[PDB]
Amino acid sequence: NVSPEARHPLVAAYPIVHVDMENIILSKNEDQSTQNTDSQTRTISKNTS
Amino acid sequence: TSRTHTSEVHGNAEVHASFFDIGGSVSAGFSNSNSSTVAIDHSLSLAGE
């Protein structure tokens, strides 16, 4: 794989690597909740006077 | 406990019609009071939910 330009005892063979970003996916760490509640009551009283 | 003190004014006027009799009864009235109002009230309830 040593490219044929660098097949001469006077031309150096070496890699040049660099990294490039194509996307950045940021995702907000956050929690929800929901709730649904019913209730029923019976009040039986007394009252004298 | 309670203590009612009901006072009052009045003004009245009446005339009666007869054969040879006539007369005007014009009136005015006032009557205070010294009361005593007291009560004992009991109650139960039952609230089931």
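Residues numbered from 1 in each chain as written, not as in the entry; some residues may be left out. Chains lettered and ligands numbered in written order. Part of a larger assembly, values for the part shown. Heavy atoms only, no water.

### Some details on the overall build of chain B
From N to C terminus, chain B includes 0 helices and 3 strands. Sequence-ordered secondary structure for chain B, helices as α and strands as β, is β-β-β. Across its three principal directions, the C-alpha atoms of chain B cover 80 × 25 × 15 Å. Across chain B, every contact between residues at least 6 apart in sequence was considered, and the portion connecting residues at least 24 apart equals 42%. Entry remark: accessible area of chain B is about 4800 Å², with carbon and sulfur atoms responsible for 55%. (Helix = DSSP H or I, 4+ residues; strand = E, 2+ residues; numbered from the N terminus. Contact = heavy atoms within 4.5 Å. Areas by Shrake-Rupley, 256 points an atom, 1.4 Å probe, with all protein chains shown as cover.)

### Description of the interface of chain B and chain A
Each partner contributes to the interface: chain B provides 10 residues, whereas chain A provides 11 residues. Summed over the shared surface of chain B and chain A, the number is 5 residue pairs in polar contact. Partitioning the side of chain B that touches chain A into residue classes produces 4 nonpolar, 4 polar and 2 charged. Inspection of the sheet shows strand β1 (residues 42-43) of chain A paired to strand β3 (residues 47-48) of chain B by 2 bridges, in the antiparallel sense. Residue pairing for β3 of chain B: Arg42 of chain A is matched across the bridge by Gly48 of chain B. (Polar contact = N/O pair within 3.5 Å; in protein donor to acceptor, adjacent residues only side chain to side chain. Nonpolar A, V, L, I, M, F, W, Y, C, P; charged D, E, K, R; others polar. Pairing = 2+ DSSP bridges.)

### Quick word on the UniProt feature "transmembrane region" in chain B
All names here are of chain B. Annotation from UniProt places "transmembrane region" at residues 8-19 and 22-31. Along residues 8-19, the helical share is 0% and the strand share 33%, with 36 Å between the first and last C-alpha atoms. The distance separating the terminal C-alpha atoms of residues 22-31 is 29 Å; by composition the span is 0% helix and 40% strand. (UniProt positions renumbered as here; feature names shortened; annotations may be inferred.)

### Side note on the side chain of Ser33 of chain B
You can see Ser33 of chain B is positioned in the loop between β2 (24-27) and β3. With residues near it in sequence (within four places) discarded, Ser33 of chain B still touches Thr4, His5 and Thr6 of chain B.

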